[PDB]
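Asker: There's a structure below that I have some questions on.
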Amino acid sequence: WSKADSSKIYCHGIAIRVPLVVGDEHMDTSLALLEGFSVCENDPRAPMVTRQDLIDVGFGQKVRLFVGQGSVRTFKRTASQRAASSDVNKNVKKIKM
Amino acid sequence: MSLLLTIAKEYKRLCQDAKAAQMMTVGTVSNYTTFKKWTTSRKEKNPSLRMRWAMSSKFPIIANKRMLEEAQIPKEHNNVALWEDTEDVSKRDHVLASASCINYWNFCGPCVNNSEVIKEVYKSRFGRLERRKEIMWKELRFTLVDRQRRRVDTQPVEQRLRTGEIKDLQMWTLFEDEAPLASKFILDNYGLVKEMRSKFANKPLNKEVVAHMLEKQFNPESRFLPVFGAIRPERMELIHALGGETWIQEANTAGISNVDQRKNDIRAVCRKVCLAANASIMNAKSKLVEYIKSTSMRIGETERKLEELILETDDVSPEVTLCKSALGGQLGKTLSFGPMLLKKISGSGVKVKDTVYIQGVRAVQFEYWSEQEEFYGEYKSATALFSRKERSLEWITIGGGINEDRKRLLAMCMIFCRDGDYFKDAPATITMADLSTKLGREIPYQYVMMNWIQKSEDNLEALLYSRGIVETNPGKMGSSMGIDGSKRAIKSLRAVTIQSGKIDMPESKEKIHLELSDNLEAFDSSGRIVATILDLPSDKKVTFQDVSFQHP
Amino acid sequence: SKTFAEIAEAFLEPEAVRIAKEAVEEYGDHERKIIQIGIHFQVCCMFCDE
Amino acid sequence: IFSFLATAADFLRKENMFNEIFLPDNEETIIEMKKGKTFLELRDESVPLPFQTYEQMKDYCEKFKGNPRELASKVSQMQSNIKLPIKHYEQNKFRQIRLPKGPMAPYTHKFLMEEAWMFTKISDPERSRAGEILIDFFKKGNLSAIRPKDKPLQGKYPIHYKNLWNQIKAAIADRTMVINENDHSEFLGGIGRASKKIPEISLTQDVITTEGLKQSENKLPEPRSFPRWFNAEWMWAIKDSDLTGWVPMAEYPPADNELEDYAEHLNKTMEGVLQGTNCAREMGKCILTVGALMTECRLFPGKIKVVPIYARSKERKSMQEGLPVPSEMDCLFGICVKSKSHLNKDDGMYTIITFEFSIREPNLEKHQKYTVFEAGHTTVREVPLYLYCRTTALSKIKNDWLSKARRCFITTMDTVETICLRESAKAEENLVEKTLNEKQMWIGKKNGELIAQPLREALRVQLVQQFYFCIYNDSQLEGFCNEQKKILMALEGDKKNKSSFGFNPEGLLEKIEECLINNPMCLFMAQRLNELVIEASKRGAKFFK
Amino acid sequence: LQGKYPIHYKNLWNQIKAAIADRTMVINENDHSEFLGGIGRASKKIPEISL
Amino acid sequence: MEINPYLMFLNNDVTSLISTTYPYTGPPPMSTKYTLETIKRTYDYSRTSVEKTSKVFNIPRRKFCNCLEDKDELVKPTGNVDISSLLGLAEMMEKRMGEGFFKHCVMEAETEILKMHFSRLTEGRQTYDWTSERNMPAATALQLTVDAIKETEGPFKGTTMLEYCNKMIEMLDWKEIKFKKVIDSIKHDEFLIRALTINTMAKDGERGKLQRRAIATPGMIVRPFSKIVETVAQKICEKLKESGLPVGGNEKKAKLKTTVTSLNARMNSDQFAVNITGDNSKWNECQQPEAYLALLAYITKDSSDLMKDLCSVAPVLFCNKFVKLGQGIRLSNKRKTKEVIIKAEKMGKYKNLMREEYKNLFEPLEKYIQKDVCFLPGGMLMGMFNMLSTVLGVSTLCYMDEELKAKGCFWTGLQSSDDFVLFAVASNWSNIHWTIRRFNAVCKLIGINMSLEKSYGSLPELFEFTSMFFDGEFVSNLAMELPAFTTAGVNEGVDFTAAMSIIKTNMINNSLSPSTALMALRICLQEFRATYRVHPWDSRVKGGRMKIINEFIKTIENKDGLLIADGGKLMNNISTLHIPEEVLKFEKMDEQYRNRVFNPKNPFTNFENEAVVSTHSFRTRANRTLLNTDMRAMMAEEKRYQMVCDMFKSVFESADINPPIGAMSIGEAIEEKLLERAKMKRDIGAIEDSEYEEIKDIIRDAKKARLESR
RNA sequence: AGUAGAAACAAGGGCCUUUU
């Protein structure tokens with residue numbers, strides 16, 4: 001592995017993609033936590049914070065935040081490894097019968 | 001800080017008004033863009049005359065005021081006027097300044113610690129410079145040139161991307177606080193972003209310029225130009241200094257930019273996986289898609305997913321086409337019949353049935369299209385423009401430079417049009433075994449005759465003989481082709497024209513969404529086939545470097 | 001671009017695209033509605049979740 | 001589910017499709033143009049004649065079927081009631097062009113080229129502005145030695161010109177290139193001869209009847225005849241000028257490959273050949289004088305100024321013998337004066353005045369507008385002296401273009417390099433010097449015979465042609481040069497035995513002869529085109545005598 | 001850090017690694033080696049009789 | 001001796017020297033009489049006299065379509081059309097290209113018209129405002145129209161083109177409209193006439209055809225429908241090969257060459273070909289807007305019911321258009337001392353004190369005339385519809401019949417707007433003539449005439465097309481682009497690189513030779529040095545810019561790294577035209593000078609644009625003539641919008657790069673971001689609780705005021 | 001006077017709008 005690409009692991013030549021849930025000494029700028037967060041129903045009770053304090057939250061907690069421009073949402077530090085390909089592909093195969 | 005407090009005070013003062021409040025309250029933020037146009041609108045017809053007249057004055061420019069005070073810029077050194085306290089009508093916060101004022105700053109003025117960051121901002125042009133410096137020029141000669149027109153790329157670029165994949169990259173490197181939700185391209189390409197971010201961080205810079213330069217660093221400039229010789233971006237960027245219609249400055253530029261190697265490796269991988277999936281009988285489609293998504297490859301330093309590169313390239317090969325079709329990737333209207341290349345110019349038609357007897361009496365169905373249609377065709381170092389009419393090759397013209405290539409192109413064209421008696425009565429040499437179905441997968445008589453030609457040269461000679469031969473009439477001696485591929489003879493083939501000078505490749509900025517079958521044969525809203533697995537080399541062994549075939 | 005289907009293919013799976021296309025063809029409605037339907041369909045898929 | 005929807009909404013908002021149109025509710029599923037009342041009232045009124053409502057037209061177009069037979073019948077019918085004439089040029093030849101008749105077209109260029117006399121001095125790098133050299137030449141006493149008399153050979157208003165010259169000398173003596181507003185200057189500068197406005201609200205019939213206020217009767221230009229002095233100027237502008245470096249030029253960059261070497265060599269040859277002619281000094285004169293005048297008009301409007309007519313050059317290079325490193329020279333041909341160039345708007349006009357020096361008596365036909373005076377004598381021995389004086393005007397556009405008079409070089413270099421490279425490619429060998437020293441280019445007639453000289457010496461003809469195109473440019477010359485191409489294409493077709501044809505050549509000749517009025521260049525080139533077709537009739541058809 | 005034709009050397013190193021991977025020490029493509037061998041001297045030649 | 005420039009055309013070709021004729025080395029040359037003559041010719045070429053009366057305006061309306069009369073001198077122009085033949089030709093073209101063609105194109109267009117924002121109307125040439133009745137740019141006109149809409153009924157919440165079109169439609173049925181001014185209101189009829197109004201401009205920037213001495217300028221109620229029609233026309237034309245309008249340069253050359261090869265390959269031994277160079281006349285005066293309507297209705301027959309209504313707008317609007325008479329006549333006395341000025345609306349009064357020509361040209365057009373406007377119910381104008389006319393024309397080259405084949409005759413070719421090329425084939429001249437007459441007739445049936453003087457023919461390989469003469473080779477005129485090699489007039493950094501790029505493009509396409517390129521480079525360098533009042537250092541010149549140069553020159557080791565605008569020499573050539581000087585000289589520059597030039601904080605620095613940015617990338621002063629004119633009230637709203645935008649940008653730095661998006665307003669985002677930054681700083685950065693609380697109080701007070709004002 | 005063209009300029013607003 002290398003500090004340049006901290007998101008890969010090379011074993012016997014094969015490559016492995018490590019998820020981005022936590023950021024250790026090498027990783028950089030809050031781009032290594034995004035695979036640990038996800039969107040959820042908006043809750044005005046949770047606090048509003050920045051993109052740097054986002055690391056001091058607890059797994060499974062909620063927090064409001066500002067995104068891009070003129071947009072606020074609510075995030076939760078819980079991931080979802082599943083994608084839509086399989087779910088669309090498999091579900092469509094169960095309809096041609 | 002205090003500046004922040006000032007911004008807050010300004011916002012308050014502005015909200016105290018009614019119109020400003022109404023506009024900052026109504027609608028969304030996008031309205032800003034609109035507001036950006038209704039202001040500062042003024043153009044000029046001939047900026048040249050205006051510029052000369054304008055610069056003639058004694059304080060022709062505008063400039064900031066506080067920047068001058070802070071820069072301790074005076075109004076004279078040895079009696080030359082440098083600026084004067086005043087206000088432009090548009091800005092209202094700028095002051096008219098002299099041309100001499102700029103010179104003053106550069107010669108003696110406010111020095112900065114370092115500026116090598118520029119080399120990264122304009123990396124493309126420093127790369128141009130270096131590529132130039134590593135050339136070994138050669139003699140100059142005069143002669144006529146066969147410059148063919150065609151669409152090509154002039155800017156060498158690594159990791160060519162789309163536009164949506166850039167509008168995001170320009171943020172995570174420069175404006176992260178204002179960043180949007182993380183897109184998939186980011187999560188996938190993390191190291192790339194980290195690299196682009198390591199250089200433009202903690203630096204005094206104008207960011208709009210950086211974003212513009214990044215757009216150029218990721219844009220292959222596609223142009224429709226005349227071209228001669230090899231085709232590589234390293235050359236097209238300076239073609240102006242290599243040769244024209246009457247002159248040529250020889251120079252060797254082969255060992256630079258290592259571009260086409262990536263493309264040939266990609267195509268080899270595509271061929272490999274296509275064959276692998278073809279080994280199947282009922283799920284080659286899903287097998288191929290799995291092989292795709294279960295694979296990656298290295299580009300320079302970074303590791304990229306195959307399916308991502310495939311949707312960025314433009315190599316019109318019978319392999320890349322299939323893959324881009326499986327992934328639902330749209331593409332251009334370009335055909336492929338074996339090794340040759342084809343493109344339709346005009347005409348139409350529809351499928352039709354016919355049969356032929358292989359040996360004695362053995363009926364075998366073969367199809368052919370109905371009304372007249374023009375086609376351009378491109379084989380190795382050879383071009384052609386022909387027409388088909390109801391299972392016949394009406395006419396054809398050629399502008400190549402080789403006899404062998406000419407003959408092969410002509411034969412493949414004759415096949416593509418099912419012209420001749422062989423399609424009416426196949427030869428004895430072929431049999432039911434050579435017919436089709438290596439293991440069950442049928443084969444149209446077209447590719448059958450194709451491989452039958454590629455097998456022996458004498459099959460090709462006989463096929464050419466199938467085309468009418470006559471005596472070379474007077475005058476047309478020059479525009480005639482023998483059996484060997486000679487520009488003139490005493491007896492030549494029928495309905496043929498030759499000439500020196502390639503044909504201008506057509507052009508069309510169109511896209512189509514096609515599909516494919518379980519036998520790996522793509523269709524385009526019609527019974528026409530654009531690609532298949534019979535038009536590619538049979539097989540070959542290669543050792544791929546810096547690749548990841550993460551599949552059992 | 002050049003068609004709503006190619007657009008929908010940007011962030012949707014081509015399978016659901018074709019599905020909603022066949023559907024609008026069945027009802028013969030304006031093909032600008034490929035998007036909503038595909039979205040609904042994809043939601044249903046990701047709601048099953050196997 | 002929420003993540004997918006967020007991504008989709010962001011994408012749509014980026015595509016401007018996040019609206020009811022693409023994302024409607026159950027009810028708002030019928031989008032339609034809000035067809036009002038007035039628009040419909042109009043649409044049912046703009047319909048073609050046979051129909052009277054857009055519905056009928058729509059029903060006729062949506063169901064329209066092709067009936068080729070009626071189409072072919074109408075085609076033939078229209079093809080019979082037309083009778084389009086077809087005229088092969090070989091049978092119907094081109095007559096000669098009929099030039100107008102009347103007096104001769106006189107000199108029109110602001111400055112003199114052949115009749116111009118100049119005083120020269122050596123240039124010092126310190127004193128290089130126009131307001132300085134005009135004084136340097138003034139101290140030696142020749143500029144002040146001049147003293148014209150009240151009796152002019154020709155012209156009008158000589159008293160105004162004389163007083164203006166005296167005031168010019170006085171101002172020069174005062175070291176201030178400025179002039180006061182008197183009656184004379186006011187008359188020569190058109191100061192107060194701008195019309196006075198009269199609103200109609202303040203108008204009445206009695207006022208009209210008092211002083212006739214009819215619609216202005218535009219007095220279009222009047223015709224002229226063929227000028228006989230143009231060939232003289234053309235032949236004079238082909239010879240050397242005793243100096244070079246008349247037109248400033250930049251430096252040559254380095255070179256690394258044979259290509260740049262070839263380019264630099266050829267460019268040096270051509271520039272060295274051209275910088276020695278006479279047309280070149282006129283180009284440099286125009287450049288510098290127009291630059292100075294533009295600067296003045298920009299800085300000192302509403303003020304009568306004094307600007308010289310000068311140029312800078314360098315004496316030719318003899319052998320190493322004698323004095324080496326030849327020096328530079330500042331030459332002065334005359335004086336110029338502006339008048340309140342309040343260029344409020346492009347295309348405007350600011351009157352100027354031209355005081356030039358000559359040693360050649362005038363001609364009434366050619367030097368018609370000038371007002372010459374006998375000044376005195378000057379050396380070389382002593383010779384009499386004349387003072388050509390006139391009045392004219394300019395504008396921003398002519399200034400900018402005259403200042404940009406270094407395009408003729410580009411055009412000529414293009415033509416020459418093209419010819420040479422074409423001749424070199426047909427043989428695959430460096431044939432450039434040979435093509436310049438050997439290839440002959442027909443350049444005129446003398447004693448009824450044709451004349452020829454290598455291209456190396458014919459470049460000057462093309463250069464003068466381009467310069468004149470830049471000088472006498474107008475709408476007339478534009479139309480002419482635009483309508484003459486047909487004749488050249490027909491000629492080429494004749495050379496290659498291509499049976500050309502046309503529909504109405506007489507109309508073409510009419511259109512051509514329509515734009516030939518009081519512009520010497522058009523007349524000269526038209527007469528030369530007639531002579532061309534005549535000389536070619538000895539070798540080609542499609543032309544009448 | 002200091003050099004003249006870095007790109008040639010780099011591409012040649014990549015080709016060397018590729019060749020070693022192929023278990024053959026040979027290098028088929030001849031673009032960089034040709035250059036770096038001809039930098040010393042390479043040109044055409046005209047016969048004296050054609051002079 | 002007598003000297004004739006034209007004798008070189010004997011022992012040499014004509015194309016390789018045709019550039020010598022073009023007088024593009026000098027300045028080119030620059031009402032109501034022209035407009036009146038145009039109106040007259042338009043009403044005349046309508047070879048008929050039928051007329052109706054508009055219930056709306058109560059004005060005579062000559063009907064120019066399927067009403068042909070006066071079949072004499074048909075060689076002359078005619079503006080009458082037979083819709084049947086037009087539809088037949090369109091059907092034949094569709095048949096050639098295949099089915100589902102027009103539908104596919106209109107679909108591709110609708111795919112864009114819907115998502116389009118209504119702010120793309122700011123880009124384009126000037127337009128005619130319908131409030132001040134003058135030609136302003138498009139941005140200001142759109143701004144004023146929106147402001148008027150808002151002040152009348154309410155702000156325009158729309159964000160796309162369709163809503164703007166529907167709003168325009170509704171505004172054509174209102175009864176009282178408001179708008180700002182030093183706040184006049186108007187009625188329905190006046191606003192209608194003032195909207196259909198069209199103005200003229202005498203720009204004609206390009207020389208091209210000297211006959212072109214004007215150009216149209218419609219209002220703002222006709223721009224979006226025109227854009228829709230142009231979009232569909234483009235989507236159609238691009239598919240065709242017999243058109244060269246959108247493409248430029250090498251594309252049409254390749255088209256023509258492939259066409260010639262196909263021709264030479266098709267024709268047998270008993271056939272011969274012919275070429276023609278055509279230049280249609282009165283193009284913008286014979287194209288009728290009714291035939292376009294019928295054609296678009298025939299096209300939009302299988303598509304949705306929405307496009308059928310949009311495309312049908314601009315045609316009827318051009319069928320009921322009004323023209324604007326400019327500046328009226330001028331009166332004067334004999335001595336010309338005094339001078340009276342008069343406008344159009346008054347010419348109807350003093351119609352007796354004018355020249356008999358004006359009287360004969362004016363009195364007939366006195367019923368069609370209204371106040372300083374004329375009701376032109378047909379015809380066309382320049383620049384309005386170019387691609388649609390090209391489509392209508394290409395429909396002819398696709399024609400075929402039984403007679404043409406009974407004789408073994410057929411034609412093809414390639415046409416752009418009012419300029420075409422024809423390739424006829426047959427076995428004998430007697431049939432060539434018949435074929436050409438047939439082509440002329442079929443073109444006459446749709447108002448497409450032909451100029452008999454500017455048009456000529458010859459054997460196959462000799463013709464011209466758009467200033468490009470064609471033979472065995474291709475001759476780049478090379479004078480068409482002569483004005484291009486010049487200082488644009490933008491700044492110092494840029495013009496030089498732009499000129500080098502232009503030279504490169506010429507050398508690549510126009511076959512510009514090397515030495516010519518070098519000469520042009522040196523010339524542009526000299527003009528650059530002269531324009532910006534700058535010169536080198538070793539040069540003897542003494543002056544203002546040059547004084548301090550010689551002063552501080554002592555500090556420099558090598559002068560090879562300097563810039564041209566700072567007393568630098570030229571280091572560039574053919575092999576370095578694709579490289580700006582700022583990049584080529586970077587290694588040479590002495591260290592101190594390099595840091596000062598690229599120091600990022602520079603006062604004048606203001607940011608295709610393939611160039612480097614530096615102190616030399618400045619902006620010019622702004623004009624001040626308006627300072628006197630009372631055009632200031634309009635500056636207020638512009639200043640307001642500018643303040644708003646620059647504040648929003650002060651908060652969000654990427655507003656320009658990345659177009660903002662979201663559901664929030666501006667105030668909401670501003671407030672939230674300010675609070676976020678305040679917290680982010682006060683947590684760690686140099687801020688006190690007092691400052692944070694003061695900021696928060698200010699922000700809440702501003703929010704309260706914003707929400708309370710309205 | 002003059003320019004140029006098939007009409008416009010020959011200042012306009014209330015004091016303002018110098019180096020090959």
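Starting from 1 in every chain, residues are counted up; chains themselves are A, B, ... following the order of the structure tokens, and ligands are numbered from 1 as listed.
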Show me a table, sorted first by chain and then by increasing residue number, of the residues of chain D having an atom at most 10 Å from chain G, each with its shortest atom pair and the distance in Å to one decimal, counting only C-alpha atoms (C1' of nucleotides) and written as a Markdown table.

Answerer:
```
| residue | atom | partner | partner_atom | distance |
| --- | --- | --- | --- | --- |
| D:125 | CA | G:19 | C1' | 9.5 |
| D:126 | CA | G:19 | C1' | 8.5 |
| D:127 | CA | G:19 | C1' | 7.5 |
| D:128 | CA | G:19 | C1' | 5.5 |
| D:129 | CA | G:19 | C1' | 4.0 |
| D:130 | CA | G:19 | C1' | 7.7 |
| D:131 | CA | G:18 | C1' | 8.8 |
| D:132 | CA | G:19 | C1' | 8.9 |
| D:156 | CA | G:1 | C1' | 10.0 |
| D:157 | CA | G:1 | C1' | 9.5 |
| D:187 | CA | G:1 | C1' | 7.4 |
| D:188 | CA | G:1 | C1' | 6.6 |
| D:189 | CA | G:1 | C1' | 8.3 |
| D:190 | CA | G:10 | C1' | 6.2 |
| D:191 | CA | G:10 | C1' | 7.6 |
| D:192 | CA | G:10 | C1' | 8.2 |
| D:193 | CA | G:10 | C1' | 6.4 |
| D:194 | CA | G:10 | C1' | 5.3 |
| D:195 | CA | G:10 | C1' | 8.2 |
| D:218 | CA | G:6 | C1' | 8.6 |
| D:219 | CA | G:6 | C1' | 9.7 |
| D:220 | CA | G:6 | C1' | 7.3 |
| D:221 | CA | G:5 | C1' | 8.9 |
| D:248 | CA | G:20 | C1' | 7.4 |
| D:249 | CA | G:20 | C1' | 9.6 |
| D:288 | CA | G:20 | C1' | 9.0 |
| D:292 | CA | G:18 | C1' | 8.5 |
| D:295 | CA | G:18 | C1' | 6.7 |
| D:296 | CA | G:18 | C1' | 6.7 |
| D:298 | CA | G:18 | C1' | 9.3 |
| D:299 | CA | G:18 | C1' | 7.0 |
| D:300 | CA | G:18 | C1' | 8.6 |
| D:302 | CA | G:11 | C1' | 8.7 |
| D:312 | CA | G:20 | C1' | 9.1 |
| D:340 | CA | G:11 | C1' | 8.6 |
| D:341 | CA | G:11 | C1' | 8.7 |
| D:342 | CA | G:11 | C1' | 5.8 |
| D:343 | CA | G:11 | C1' | 8.0 |
| D:344 | CA | G:11 | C1' | 7.2 |
| D:345 | CA | G:9 | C1' | 9.9 |
| D:347 | CA | G:9 | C1' | 8.2 |
| D:348 | CA | G:9 | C1' | 5.8 |
| D:349 | CA | G:9 | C1' | 6.0 |
| D:350 | CA | G:10 | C1' | 8.0 |
| D:351 | CA | G:2 | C1' | 7.3 |
| D:352 | CA | G:2 | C1' | 9.3 |
| D:390 | CA | G:2 | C1' | 9.8 |
| D:391 | CA | G:2 | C1' | 6.7 |
| D:392 | CA | G:2 | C1' | 5.7 |
| D:393 | CA | G:3 | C1' | 6.1 |
| D:394 | CA | G:3 | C1' | 7.5 |
| D:395 | CA | G:3 | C1' | 9.4 |
| D:474 | CA | G:4 | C1' | 9.0 |
| D:475 | CA | G:5 | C1' | 8.7 |
```

Asker: Distance cut-off 8 Å, counting only C-alpha atoms - which residues of chain B neighbour chain D? Return them as an MDAnalysis selection string.

Answerer: chainID B and resid 49 53 56:57 137:144 246:247 249

Asker: Near residue B:185, within 12 Å and counting only C-alpha atoms (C1' of nucleotides), which residues show up once chain neighbours fewer than 5 positions away are dropped, as a ChimeraX atom specification?

Answerer: /B:161-169,172,190-193,304-305,308-309

Asker: Write out as a ChimeraX atom specification which residues come within 10 Å of residue B:281 when counting only C-alpha atoms (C1' of nucleotides), dropping same-chain ones fewer than 2 positions away.

Answerer: /B:277-279,283-285,439-441,518-519

Asker: Could you write out that same residue set with N, CA and C atoms as a PDB file, in the first residue's frame?

Answerer:
```pdb
ATOM      1  N   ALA B 277     -16.543 -14.899 -22.170  1.00  0.00           N
ATOM      2  CA  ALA B 277     -17.997 -14.973 -22.082  1.00  0.00           C
ATOM      3  C   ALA B 277     -18.583 -15.790 -23.225  1.00  0.00           C
ATOM      4  N   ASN B 278     -17.959 -15.748 -24.402  1.00  0.00           N
ATOM      5  CA  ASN B 278     -18.437 -16.560 -25.512  1.00  0.00           C
ATOM      6  C   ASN B 278     -18.320 -18.042 -25.203  1.00  0.00           C
ATOM      7  N   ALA B 279     -17.345 -18.421 -24.376  1.00  0.00           N
ATOM      8  CA  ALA B 279     -17.237 -19.816 -23.968  1.00  0.00           C
ATOM      9  C   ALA B 279     -18.546 -20.331 -23.387  1.00  0.00           C
ATOM     10  N   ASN B 283     -25.558 -17.571 -20.888  1.00  0.00           N
ATOM     11  CA  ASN B 283     -25.465 -16.403 -20.021  1.00  0.00           C
ATOM     12  C   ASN B 283     -24.236 -15.562 -20.338  1.00  0.00           C
ATOM     13  N   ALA B 284     -23.667 -15.713 -21.537  1.00  0.00           N
ATOM     14  CA  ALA B 284     -22.498 -14.929 -21.919  1.00  0.00           C
ATOM     15  C   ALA B 284     -22.694 -13.449 -21.632  1.00  0.00           C
ATOM     16  N   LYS B 285     -23.940 -12.976 -21.665  1.00  0.00           N
ATOM     17  CA  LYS B 285     -24.216 -11.576 -21.370  1.00  0.00           C
ATOM     18  C   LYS B 285     -23.859 -11.246 -19.926  1.00  0.00           C
ATOM     19  N   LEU B 439     -19.396 -25.149 -32.028  1.00  0.00           N
ATOM     20  CA  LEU B 439     -20.004 -25.930 -30.959  1.00  0.00           C
ATOM     21  C   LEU B 439     -21.512 -25.703 -30.900  1.00  0.00           C
ATOM     22  N   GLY B 440     -22.115 -25.223 -31.987  1.00  0.00           N
ATOM     23  CA  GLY B 440     -23.544 -24.997 -32.040  1.00  0.00           C
ATOM     24  C   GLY B 440     -23.906 -23.614 -32.545  1.00  0.00           C
ATOM     25  N   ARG B 441     -22.981 -22.669 -32.412  1.00  0.00           N
ATOM     26  CA  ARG B 441     -23.234 -21.287 -32.799  1.00  0.00           C
ATOM     27  C   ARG B 441     -23.118 -21.142 -34.313  1.00  0.00           C
ATOM     28  N   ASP B 518     -28.053 -12.855 -27.353  1.00  0.00           N
ATOM     29  CA  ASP B 518     -27.352 -13.856 -26.562  1.00  0.00           C
ATOM     30  C   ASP B 518     -26.177 -14.470 -27.308  1.00  0.00           C
ATOM     31  N   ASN B 519     -26.040 -14.194 -28.602  1.00  0.00           N
ATOM     32  CA  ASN B 519     -24.929 -14.688 -29.403  1.00  0.00           C
ATOM     33  C   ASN B 519     -23.875 -13.621 -29.653  1.00  0.00           C
TER      34      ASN B 519
END
```

Asker: Which of stretch 87-257 of chain F counts as alpha helix (DSSP H) under DSSP, as number ranges by chain please?

Answerer: F: 87-97, 101-113, 138-152, 161-171, 188-196, 223-239, 250-257

Asker: I'd like the contact shell of residue E:31 - 9 Å cut-off, only C-alpha atoms (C1' of nucleotides), skipping same-chain residues fewer than 4 positions apart - returned as a VMD selection string.

Answerer: (chain B and resid 252 to 255) or (chain E and resid 8 35 to 36)

Asker: Using the selection just defined, write its residues with N, CA and C atoms as a PDB file, in the first residue's frame.

Answerer:
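Just written: again_28.pdb:
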```pdb
ATOM      1  N   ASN B 252      11.325  12.580 -36.007  1.00  0.00           N
ATOM      2  CA  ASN B 252      10.890  11.372 -35.321  1.00  0.00           C
ATOM      3  C   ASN B 252      10.262  11.743 -33.983  1.00  0.00           C
ATOM      4  N   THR B 253       9.029  11.287 -33.770  1.00  0.00           N
ATOM      5  CA  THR B 253       8.261  11.607 -32.572  1.00  0.00           C
ATOM      6  C   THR B 253       7.531  10.373 -32.071  1.00  0.00           C
ATOM      7  N   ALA B 254       8.185   9.214 -32.152  1.00  0.00           N
ATOM      8  CA  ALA B 254       7.513   7.964 -31.815  1.00  0.00           C
ATOM      9  C   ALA B 254       7.549   7.682 -30.318  1.00  0.00           C
ATOM     10  N   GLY B 255       8.673   7.962 -29.668  1.00  0.00           N
ATOM     11  CA  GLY B 255       8.840   7.605 -28.273  1.00  0.00           C
ATOM     12  C   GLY B 255       8.432   8.690 -27.298  1.00  0.00           C
TER      13      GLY B 255
ATOM     14  N   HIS E   8      12.180   9.410 -22.533  1.00  0.00           N
ATOM     15  CA  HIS E   8      12.727   8.230 -23.189  1.00  0.00           C
ATOM     16  C   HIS E   8      13.202   7.213 -22.163  1.00  0.00           C
ATOM     17  N   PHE E  35      16.415   6.384 -31.280  1.00  0.00           N
ATOM     18  CA  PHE E  35      16.756   7.778 -31.028  1.00  0.00           C
ATOM     19  C   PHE E  35      18.091   7.885 -30.305  1.00  0.00           C
ATOM     20  N   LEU E  36      18.157   7.320 -29.101  1.00  0.00           N
ATOM     21  CA  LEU E  36      19.322   7.482 -28.243  1.00  0.00           C
ATOM     22  C   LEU E  36      20.584   6.900 -28.858  1.00  0.00           C
TER      23      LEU E  36
END
```

Asker: Counting only C-alpha atoms (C1' of nucleotides), what is within 9 Å of residue B:425, bar same-chain residues fewer than 5 positions away, as an mmCIF file with C-alpha atoms, in the first residue's frame?

Answerer:
```
data_model
loop_
_atom_site.group_PDB
_atom_site.id
_atom_site.type_symbol
_atom_site.label_atom_id
_atom_site.label_comp_id
_atom_site.auth_asym_id
_atom_site.auth_seq_id
_atom_site.Cartn_x
_atom_site.Cartn_y
_atom_site.Cartn_z
ATOM 1 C CA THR B 355 -30.495 -19.283 -50.486
ATOM 2 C CA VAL B 356 -27.439 -21.007 -51.913
ATOM 3 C CA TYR B 357 -26.312 -24.587 -52.507
ATOM 4 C CA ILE B 358 -23.023 -25.456 -50.815
ATOM 5 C CA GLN B 359 -22.161 -28.794 -52.449
#
```
